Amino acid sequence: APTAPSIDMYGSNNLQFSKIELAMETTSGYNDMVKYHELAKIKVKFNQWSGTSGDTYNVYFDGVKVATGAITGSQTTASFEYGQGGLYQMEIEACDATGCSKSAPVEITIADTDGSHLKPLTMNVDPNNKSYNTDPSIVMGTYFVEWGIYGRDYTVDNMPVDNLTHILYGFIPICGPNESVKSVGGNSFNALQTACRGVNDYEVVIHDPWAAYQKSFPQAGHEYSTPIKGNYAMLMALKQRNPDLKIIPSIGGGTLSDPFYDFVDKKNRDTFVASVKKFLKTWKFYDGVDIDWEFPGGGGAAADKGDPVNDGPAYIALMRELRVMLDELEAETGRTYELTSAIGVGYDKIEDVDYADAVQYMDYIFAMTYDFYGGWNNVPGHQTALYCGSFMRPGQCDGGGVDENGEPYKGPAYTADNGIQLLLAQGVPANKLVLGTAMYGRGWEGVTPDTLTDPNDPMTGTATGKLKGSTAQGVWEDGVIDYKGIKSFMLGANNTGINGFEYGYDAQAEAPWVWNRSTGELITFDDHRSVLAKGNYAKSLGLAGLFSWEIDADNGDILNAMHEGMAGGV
């Protein structure tokens, strides 16, 4: 017999609540910005402008009582806690000693990081991506990068999810030594320094919280009060659409690897592994963890770091300790968690780790069968070839021979096959190895006909420096160009060459190129034919499947060719 409560929507934060508390309007240290709570704090103001207020209120969700408290005037704030994500029909009743009066029902939101409060994501995929029916048991993986939402304008809803079994989210940094990040320039180091304020060394943080959970995406139905936004809310909604899709954070990468060189100290491993556990309990759409340590024993971005004696055993013990933690999470959640790793495959990288030992703890190894050659020097070669190319010298392929100075090769050439063979030779099972495809080229300038030793092979020439180009042509950094830019501005619709470029293919290597004779611009990449070769290769050997870097730089062609190659292998 009190007046029925009316809910004050705007005074109740629009009925948007959350188990995760996220700072939306600042950029600060990770522990300040991100706090996960077992119970969402709910706060609901309601009014009873006319008649009497009564003396007690009860809150209902879906007809079930979840809170009570005192009414003592014409305006009440109900605060209480609720543990479960989702959308519920809320009613609030006011009672006095003679009876109760319920508000009409209204939808309350409680966000959780599994995406339980979200609709399946609405997609906007380039239709050049085709439909396939590839055995769901074969891995088809790709990397999606956090920074691709800026100039590259490639957002979660753009991924051809149905053609993917695995999404690797690049990249998650680690607080601590990160000089390599500083040397890259731009805002990347400053952002990391900010994320790590008030955070212990060796713990993971979100690099760019604006990209991750702050930016409002209209295509996803984000609004001012949406408690989770950015790439991560879209990934949560993506899981709603494709529940068997694995989405896995990728920790480190080429530039963010400096902290791994201190994993020789188990205290630092303990810290890291703990932080990875809390990360996965905070961000529940994620299905495991991927370790991109580039690289045990060194020879990566960090010129002053790398220990060929101890890095490999640190890596193995890291994998065991991650697997122990993941087993805890599988026990507590009833879910399956995956442990994976992307690795260098030059002989000199592989030799510093006993992967037969490491892989017993692991689901997959992502074999980085790319970046074999590039604009970091002036020696052209195939950046992502399966086999040894025609430009290689005698004894260069297997490492038997001597270079153009008479100096012995130190080991087998950088090719996919040499890398996979070396891993198989250590005792890694083929069904745990994933072969990598390139959705980008690397290239040079100044490789003109007078530099060649074989007039029909630009891979026999000498360059002057790195390919240069504009972002409109897909060149986001010197020496590197998106596949989709190669296709638009060098190959042309027919794959025969435009704007001064010709196409060529090294059949021995299984690697294409596009070469401009007068500028001497040369670009090495993966195309439809080299990718069919790689799918046939993976199939012959019983490899787990294929993966790619990076999804934003494809137009549909590379991923299509990945599915076609895995069907068509003879």
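All residue numbers are counted from 1 along the displayed sequence.
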Determine, for stretches 51-59 and 526-534, which one has the higher mean CA B-factor as deposited. 51-59
Can you let me know which of the two, 276-284 or 237-245, has the higher average C-alpha B-factor in the entry? 237-245
Based on the PDB record, which member of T142, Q84, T271, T194 exhibits the highest Cα temperature factor? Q84
Among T437, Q360, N418, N405, single out the one with the highest C-alpha B factor in the record, please. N405
Can you tell me which third, lowest, middle or highest, the CA B-factor of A553 falls into for its chain? lowest
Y88 - Cα temperature factor, lowest/middle/highest third of chain: middle
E510 - Cα temperature factor, lowest/middle/highest third of chain: lowest
Can you tell me which third, lowest, middle or highest, the CA B-factor of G411 falls into for its chain? highest
Chain thirds by Cα B factor, record data; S341 belongs to the lowest
